[PDB]
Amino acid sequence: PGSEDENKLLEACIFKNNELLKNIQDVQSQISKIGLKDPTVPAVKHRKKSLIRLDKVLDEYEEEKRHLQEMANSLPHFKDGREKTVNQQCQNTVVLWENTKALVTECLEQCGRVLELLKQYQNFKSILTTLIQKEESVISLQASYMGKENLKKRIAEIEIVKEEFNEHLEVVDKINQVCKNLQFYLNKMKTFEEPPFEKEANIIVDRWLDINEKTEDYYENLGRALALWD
């Protein structure tokens, strides 16, 4: 081999390690700077489009990492021992790549689960608010200003409405849990001035209770008014 060619190989190993290491460091700086525009499906999948671009960038560096490990395990053995320090730096850079790749996988995983949860949020919210708007727009005359047949007719309608309310009460529980999980996975991506889906949970729960209480009061008023017609 030769001391000249040995040092020229050792130095090539240093060169490739410094070059590869800063390329990986660049990828991880870019990862941290991605963030998230809004807690919406369009914004989340823009975040994921960017993570996937960077995943492909790390992939293009896999073969360089692997050639680098090659060089490091085949380095000449000097009396100095300096090959051992350069090998340790190279093993570091390889672990850096594995860590960066794991980071990207974790971000992509949490994007996936936020996307499933946003889907579930809009499906549950549609179910609930259309039930709530349906009852919320139907007329409600004063029970005091109603005839006996009309009281009977409206009371029957309000039992149907109550039974549907009882049925979707599970959906109310499901959407509360979905919002809780959405906060958890969303805080991993960005710091939010105000908690992202906590306002939303409170608003939907508040509407649901308002319409339930209103409908229950209306029901008992219908019954009291009906009692006066004997």
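All residue numbers are counted from 1 along the displayed sequence.
The deposited model assigns a higher average Cα B-factor to 8-16 than to the other stretch when 208-216 and 8-16 are compared. Just going by the entry, 134-142 versus 92-100 on mean CA temperature factor gives the higher value to 134-142.
Between the residues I158, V114, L151, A72, it is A72 that shows the highest Cα B-factor in the PDB record. Each of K33, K56, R47, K199 has a CA temperature factor in the record; the biggest one is found at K199. In the PDB entry, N87 places in the highest third of its chain by CA B-factor. When all modelled residues of the chain are sorted by CA temperature factor, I203 is found within the middle third. In the PDB entry, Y121 places in the lowest third of its chain by CA B-factor. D80: CA B factor lies in the highest third for its chain, per the PDB record. Per the deposited record, the Cα B-factor of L186 falls in the highest third when ranked against the other modelled residues of its chain.
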